[PDB]
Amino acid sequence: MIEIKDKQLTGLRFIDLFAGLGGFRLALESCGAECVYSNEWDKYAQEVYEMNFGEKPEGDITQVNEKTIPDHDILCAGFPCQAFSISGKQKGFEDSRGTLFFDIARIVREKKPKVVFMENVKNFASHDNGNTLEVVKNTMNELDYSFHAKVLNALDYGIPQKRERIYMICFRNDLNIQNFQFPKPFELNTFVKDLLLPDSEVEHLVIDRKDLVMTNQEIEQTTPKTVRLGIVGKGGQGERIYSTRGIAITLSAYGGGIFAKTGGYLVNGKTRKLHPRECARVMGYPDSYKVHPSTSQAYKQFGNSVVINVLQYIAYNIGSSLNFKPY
């Protein structure tokens, strides 16, 4: 993560829905806001959260009466993406994992917060011939909010990962906010090779396979794109090998392949997958964040999360717009 000296959000409160690791929390707290409620039902997510923040998130959102919730100013929520991802069955709202959005709607109507800030995958904006996005747009307008959405590739903001996501911000109609804007991009100056650990700590992650085919030569100069050097088996998800001089591919939570959830990389002549910590780093997490003791669960948790750095820049821009109230 980046460091914010001008704390544009001091004195405001928010809630953490579908918390996971608490990615939304680090982002907002670094700016000066305060967390007053949280909610996440996965047994293990509940453990890491407690370990790093010191409180236990409430359970199942579908059975929590909306009137218990504390008063707040910003509702943070990165709802489930398996029903909308380009790697799935694309069942949208017909999937019981796809109807969460409406519980958000339910909560919003009662507490009328100043800002709603959500996140989801690139394909959300194109699913069902574009109908799905309209539905979120119209429901938000009807509840008296404005709607702002855009797709941002992580490599345009300092993190070497090809992760494209749609971000959605909604201000309450009576505040009259007319100058919010999405941060401007910049040149990358960090690559996969600048975050790896020493060879003595990753020795157990190596893999020697004899169905290894080489389709390209290792490059000699840095670039901001994924460079495939080889393949194993048939070359499907988790069977592709890239270079440490380019950038990482999207980390996932239920992935397959011999190089599951992270991908394979050629390091100093040997091929291997990434360490939980090297995963924490390509997601922009700080070396002080204690990860879960069970390696397996740790991989899944990272593949489900958000990048910290992008959430930060957008967070700042939000506060700036709320703070401009001239005579």
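We call the rigid core whatever largest set of C-alpha positions still superposes within 1.5 Å between the two forms. Numbering starts at 1 and follows the sequence shown.
*Asks:* Please tell me which region, 93 to 101 or 176 to 184, has C-alphas lying farther from the displayed form on average in 8 other deposited structures of this protein, with superposition done on the core.
*Replies:* Comparing 93 to 101 with 176 to 184, the larger C-alpha deviation in 8 other deposited structures of this protein belongs to 93 to 101.
*Asks:* Mean CA B-factor: is it higher for 14 to 22 or for 313 to 321?
*Replies:* Going by the record's values, the stretch with the higher mean is 313 to 321.
*Asks:* Mean C-alpha B factor from the entry: is it higher for 133 to 141 or for 86 to 94?
*Replies:* The entry gives the higher C-alpha B-factor average to 86 to 94.
*Asks:* Looking at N120, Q217, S252, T244, which has the highest Cα B-factor in the entry?
*Replies:* Of the options given, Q217 has the highest CA B-factor in the PDB entry.
*Asks:* What's the residue among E164, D174, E239, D103 with the greatest CA temperature factor in the PDB record?
*Replies:* Going by the entry's C-alpha B-factors, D174 comes out highest.
*Asks:* Please place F186 in the lowest, middle or highest third of its chain according to the CA B-factor in the PDB entry.
*Replies:* As the PDB entry reports it, the C-alpha B-factor of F186 lands in the highest third of its chain.
*Asks:* Taking the chain's C-alpha temperature factors as the reference, tell me which third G256 falls into: lowest, middle or highest.
*Replies:* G256: CA B-factor falls in the middle third of its chain.
*Asks:* Taking the C-alpha B-factors as the PDB entry records them, is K43 in the lowest, middle or highest third of its chain?
*Replies:* Highest third, going by the recorded CA B-factors of the chain.
*Asks:* For the chain shown, is the CA B-factor of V116 in the lowest, middle or highest third of its modelled residues?
*Replies:* Lowest third.
*Asks:* Could you tell me which third, lowest, middle or highest, the C-alpha B-factor of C81 occupies within its chain?
*Replies:* According to the entry, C81 has a C-alpha B-factor in the chain's middle third.
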